[PDB]
Structures are given as C-alpha cells and as structure tokens.
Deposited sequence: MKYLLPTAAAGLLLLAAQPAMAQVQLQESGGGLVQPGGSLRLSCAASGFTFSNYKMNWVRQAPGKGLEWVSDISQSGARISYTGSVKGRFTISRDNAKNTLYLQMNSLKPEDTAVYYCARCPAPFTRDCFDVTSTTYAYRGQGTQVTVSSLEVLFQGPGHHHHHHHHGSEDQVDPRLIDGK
C-alpha cells in the first residue's frame, strides 16, 4: 500500500510502504484554477538537484533516507506561490526519468496543503 502523507515555511512529506532510497522524488504544485506544475526534484543520492525556473535558488529540497522523509524549504514566499503542493514519486526505481509526475490522475502522489500567503 504505497501511501504518502503530507504536512505543513517547511513542507514535509512522509512516505511508507516502499524503499525510500531507490526512487527519485519530486515536488509539484497544482495552482488554483489551472493545470499542474512541477516545482523541483531530488534523486537517490541527493547530488543532482533541480528546480523550476521561477523558484530557482529560492526554495530548497532535501531528503532524509534514514528517517524516510522529504522536505521543501520555502523562503520569501510570493502570492503567486499559492497552490496545492503534492509530493510525487518517480514511477520506477533506478531510472533517470519520471514520465508522469504531472499527470492529472497520477497514482504515486497524495497530499494537500492549500498554501495561501
């Protein structure tokens, strides 16, 4: 039963039912009234990190594999950042591609945080 929780600024994500280290992780925001957007990614080792262009260098993503948790550190939030933030998983282990991270009806993401400044 792959189930991902959600809490939370410092957004927190707890994953259970699978090995956290193998799968790449993403933060993707559904803005209110339009399609999804991808916010940032972090790989297994944490060496490769990338963020959308809008939030380049403003946010900060980090994962604790020992605790099996993921964290996004949002600093200096703008009112355009209000959205529902989801903690999506790459759909396969040991791969450099996540095909359907932003799909409307994706299966390996579950969360809700109506962030409003």
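A.B. asks: Take the full deposited sequence, match it to the modelled residues, and report the stretches without C-alphas.
C.D. replies: Deposited residues absent from the model fall in 1 to 22, 31 to 39, 149 to 181.
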